[PDB]
Amino acid sequence: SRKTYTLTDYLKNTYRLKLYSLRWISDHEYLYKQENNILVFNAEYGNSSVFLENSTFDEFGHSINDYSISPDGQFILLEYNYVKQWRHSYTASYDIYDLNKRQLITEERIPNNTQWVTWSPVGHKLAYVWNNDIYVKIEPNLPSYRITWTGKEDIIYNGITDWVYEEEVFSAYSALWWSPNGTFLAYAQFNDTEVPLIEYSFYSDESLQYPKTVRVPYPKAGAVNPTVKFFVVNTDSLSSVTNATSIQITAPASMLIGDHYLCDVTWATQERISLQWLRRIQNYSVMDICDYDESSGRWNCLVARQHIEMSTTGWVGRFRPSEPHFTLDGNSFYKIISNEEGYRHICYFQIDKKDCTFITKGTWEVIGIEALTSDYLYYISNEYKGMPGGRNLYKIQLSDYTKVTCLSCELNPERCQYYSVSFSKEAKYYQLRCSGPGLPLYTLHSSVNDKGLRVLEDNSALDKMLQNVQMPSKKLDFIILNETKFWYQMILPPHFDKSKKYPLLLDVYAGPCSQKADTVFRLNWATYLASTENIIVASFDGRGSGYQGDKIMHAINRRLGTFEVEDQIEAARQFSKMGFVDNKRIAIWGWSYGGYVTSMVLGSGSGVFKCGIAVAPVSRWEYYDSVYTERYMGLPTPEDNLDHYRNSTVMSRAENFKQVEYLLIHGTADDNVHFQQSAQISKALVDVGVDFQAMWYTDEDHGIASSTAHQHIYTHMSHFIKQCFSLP
Ligand SMILES: N[C@@H](CC(=O)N1CCC[C@H]1CNC(=O)c1ccccc1)Cc1ccccc1F
Ligand SMILES: *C1O[C@H](CO)[C@@H](O)[C@H](O)[C@H]1NC(C)=O
Ligand SMILES: *[C@@H]1O[C@H](CO)[C@@H](O)[C@H](O)[C@H]1NC(C)=O
Ligand SMILES: *[C@@H]1O[C@H](CO)[C@@H](O)[C@H](O)[C@H]1NC(C)=O
Ligand SMILES: *[C@@H]1O[C@H](CO)[C@@H](O)[C@H](O)[C@H]1NC(C)=O
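Residues numbered from 1 in each chain as written, not as in the entry; some residues may be left out. Chains lettered and ligands numbered in written order. Heavy atoms only, no water.

By the method listed in its record, X-ray crystallography, this PDB entry was determined to a resolution of 2.66 Å.

Enquirer: Quick question: what am I supposed to make of the site of ligand 4 here?
Expert: Surrounding ligand 4, one finds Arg-109, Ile-110 and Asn-112. Between an oxygen atom of ligand 4 and a side-chain N or O atom of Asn-112, the distance comes to 2.4 Å. Look at ligand 4: alone it shows 360 Å² of surface, and the protein chains cover 32% of it. (Near = heavy atom within 4 Å. Polar contact = N/O pair within 3.5 Å; in protein donor to acceptor, adjacent residues only side chain to side chain. Areas by Shrake-Rupley, 256 points an atom, 1.4 Å probe, with all protein chains shown as cover.)

Enquirer: Looking at this model, I keep getting lost on the packing of aromatic side chains. Mind explaining?
Expert: The geometry of an aromatic ring pair comes down to the distance between the two centres and the angle between the two planes. Applying the stated criterion across every chain yields a total of 54 aromatic pairs. Summarising the aromatic geometry, the rings of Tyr-379 and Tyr-394 are spaced 5.7 Å apart at their centres and angled 15° between planes, so their arrangement reads as stacked. Linking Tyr-379 in strand β30 (residues 376–381) with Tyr-394 in strand β31 (residues 392–397), this pair joins segments that are 15 residues apart in sequence. Here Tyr-379 and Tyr-394 have matching classes, each one buried. Ring-pair connections join several aromatic residues into one group, and the members of that group are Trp-315, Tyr-509, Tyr-593, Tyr-596, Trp-621, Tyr-624, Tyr-628 and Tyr-632. Here the guanidinium or amino end of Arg-279 rests over the ring plane of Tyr-284, the centre of that ring lying 4.0 Å away. (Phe/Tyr/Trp six-rings, centres within 6.5 Å; stacked < 30°, edge-to-face > 60°. Helix = DSSP H or I, 4+ residues; strand = E, 2+ residues; numbered from the N terminus. Buried < 20%, exposed > 50% of the residue type's maximum accessible area, 1.4 Å probe, protein only. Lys NZ or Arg CZ within 6 Å of the ring centre and 35° of its normal.)

Enquirer: I would appreciate a short explanation of the UniProt feature "active site" in the protein in the present structure.
Expert: In the UniProt entry, the feature "active site" is given for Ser-592, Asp-670 and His-702. For the residues just named, distributed over 111 residues, the greatest C-alpha separation is only 11.1 Å, placing them together at one site. As for its position among the elements, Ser-592 is in the loop between β41 (581–591) and α7 (593–603). If near-sequence neighbours (up to four positions away) are discounted, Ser-592 is found in contact with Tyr-509, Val-615, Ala-616, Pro-617, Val-618, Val-673 and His-702. Looking at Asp-670, the relative accessible area reads 1%, which means it is buried. If we ignore the near neighbours within four places in the chain, the residues touching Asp-670 are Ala-616, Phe-675, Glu-700, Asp-701 and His-702. (UniProt positions renumbered as here; feature names shortened; annotations may be inferred. Contact = heavy atoms within 4.5 Å.)

Enquirer: When you look at the state of the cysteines in this model, what are you seeing that I'm missing?
Expert: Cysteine pairs can be linked by a disulfide, which is a covalent bond between their two sulfur atoms. Taken as a whole and assessed by the stated rule, the structure comprises 5 disulfides. At a sulfur-sulfur separation of 2.0 Å, the disulfide partner of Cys-416 is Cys-434. Taking the torsion about the sulfur-sulfur bond, which here is approximately -115°, the covalent link between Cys-416 and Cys-434 counts as left-handed. Remark: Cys-434 occurs in strand β34 (residues 429–434) and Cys-416 occurs in the loop between β32 (400–406) and β33 (419–423); sequence separation between them is 18 residues. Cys-416 sits in the buried class, given a relative accessible area of 1%. Once the disulfide-bonded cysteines of the protein are ranked by sequence position, their pairing pattern turns out to be 1-2, 3-4, 5-6, 7-8, 9-10. (Disulfide = S-S within 2.5 Å.)

This is how it looks when you write it as structure tokens:
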């Protein structure tokens with residue numbers, strides 16, 4: 001087809017994937033921006049009209065980064081000076097603009113360096129956090145009220161997560177939760193006083209004479225943890241004479257016993273909150289149901305409503321206990337639970353009652369609960385064709401659990417085996433969103449008989465661009481190990497001719513619950529080694545991997561660095577026993593858990609691998625954070641699990657590295673996996689005499705995501721691999 005997918009094509013992004021990011025603002029309408037204007041859409045008719053032009057803000061006087069219109073649609077929130085902190089957090093400066101009156105707001109603007117902002121889910125209220133303090137703002141142009149005063153950088157946090165609860169718990173900077181009404185504001189505060197500090201240099205620009213020190217409250221395995229504290233503030237009751245009386249909802253008795261975390265918050269009604277907690281040993285967690293006492297202004301959580309959730313095989317829930325979905329009336333809910341067979345399914349809960357009732361079952365898992373009406377429960381699963389790296393949207397009949405309809409399976413069977421969805425308020429309508437193995441598809445459906453209204457986006461354009469490239473093909477299959485099935489994928493060179501030996505790259509991640517074999521269509525680096533450098537990119541999901549039941553996802557319990565590494569290798573073993581793989585030219589590269597497994601699989605001394613690259617890898621588990629690690633390893637003490645904290649370090653395999661060509665890489669500014677992890681790696685290698693290649697990336701953090709550094713690293717990983725596989 002003449003040209004190939006070019007390395008600069010991945011880098012400079014010459015083939016762009018169209019999406020369809022819309023925004024419901026009622027049960028039948030959504031926002032979507034065509035070119036640069038904001039159009040609103042009727043979902044049952046497709047008709048649209050312009051809500052705001054592209055040219056409205058041409059004299060704003062600030063680069064606009066992101067907007068946020070309010071529910072009543074009477075005000076838009078504009079984000080500028082966006083400055084990035086960790087994986088999700090940041091400060092930003094904001095402005096509010098009135099679209100009834102046609103002008104910007106000047107009375108009491110949101111303060112600069114604001115950490116989080118959000119609208120109430122109704123009308124136009126405001127809450128936000130500045131210097132670790134929560135402020136509400138009934139009206140956009142009246143004085144905001146001050147909800148907490150404990151705020152204190154790096155120590156006290158109000159309505160925003162400290163660092164572990166950002167990364168490991170909520171995957172979010174925010175610790176704020178509105179009442180569907182808007183009436184109540186629920187929020188957490190964590191105390192990082194006694195949390196130890198991780199320290200490193202940030203070199204900044206050349207002008208900077210002396211390098212800076214970044215210090216971060218970050219608890220490593222075993223260390224003192226942040227505590228937490230939960231409150232709920234009545235917002236239709238504030239006032240500027242008095243200050244605000246948050247009510248504190250105290251954790252359950254079986255948690256107050258030793259360290260624990262808040263792990264879920266899910267409002268249930270205008271007057272009833274649902275929270276979970278999880279002991280610092282994370283095989284045990286408690287759900288609590290709390291209602292507003294109209295007459296006292298208090299909240300109560302009766303033990304009758306308390307619900308336990310245990311694991312004797314490992315930890316609880318995939319990366320944490322599932323979110324509950326409640327019925328309109330709040331007296332009952334649905335939530336994914338590992339069943340008797342260890343497979344994760346939708347169990348049904350009546351608030352007052354013992355047990356729960358399962359309603360799904362089988363050798364396959366439900367992925368998430370997606371929506372709930374009075375007839376049907378909508379959810380995503382991988383049942384179809386025993387295909388665990390696949391996703392379809394399904395419905396259950398509330399009155400007859402037996403009637404289960406697949407909603408996405410047959411829409412586009414050849415293009416589309418991997419969906420996510422987005423429902424409108426009340427679940428009147430929905431967007432199905434398709435990511436492969438063909439190009440993306442965004443289509444609109446109506447939940448009444450599940451009619452097929454409209455095609456939003458179909459990537460038409462991308463399509464015919466790609467026809468003009470020697471794109472690679474993809475292979476989803478399985479191999480049997482004991483007599484268990486483990487799937488894998490391969491990216492295969494154009495005109496794959498299975499009678500030629502093709503050099504082979506093993507791209508791993510392979511941490512608890514991960515899945516690198518699937519049907520998603522990606523354009524990345526793998527796509528370029530393949531179509532341009534005729535190399536096979538193989539990926540594989542072994543023990544410890546996800547979405548195929550707890551025997552497989554819990555095999556690695558307490559034994560990180562064991563079977564997950566083991567399997568990876570036998571898989572390569574099987575891959576080279578194939579006729580199109582050149583057994584003299586097998587490699588492995590991974591990033592994060594990836595680069596640690598890689599490093600492990602590389603000092604294994606198996607003989608299978610010739611070389612690999614390790615980007616930003618863990619190295620010794622005591623060096624990583626408590627929340628994530630301790631979920632899996634327990635505690636690094638002799639009377640617990642120091643035995644295999646010590647058994648599983650990249651470092652202790654220095655002597656097997658002489659059999660391979662190691663290329664290790666890390667960013668100086670990585671707050672996630674600290675340079676340390678790698679530095680200890682190199683010291684060991686130097687200390688037992690092994691030769692190897694290295695690259696620091698100054699100021700780059702965990703993803704090495706700065707355009708030039710991004711470019712620079714793929715450029716470097718690429719020359720290494722070409723030279724490893726005697727490539728021209
Ligand atoms: N801290 C975890 C967070 C995580 O995995 N989470 C948080 C919520 C559940 C799960 C979701 N997965 C990811 O965010 C993730 C991150 C990096 C690579 C792949 C997946 C990410 C991580 C894991 C191992 C080693 C380093 C590292 F940064
Ligand atoms: C408002 O209440 C808080 C009590 O937490 C206090 O710290 C703050 O200074 C009070 N301000 C006044 C003077 O009302
Ligand atoms: C869609 O069509 C109906 C019928 O005119 C109209 O009243 C409605 O306001 C239109 N809205 C949009 C989103 O264009
Ligand atoms: C935000 O900072 C800018 C630039 O320093 C300043 O001009 C503006 O007045 C500030 N706004 C507020 C509300 O502090
Ligand atoms: C944070 O906890 C420490 C003890 O670890 C305590 O002395 C301090 O007052 C706490 N801060 C608040 C306001 O909770």
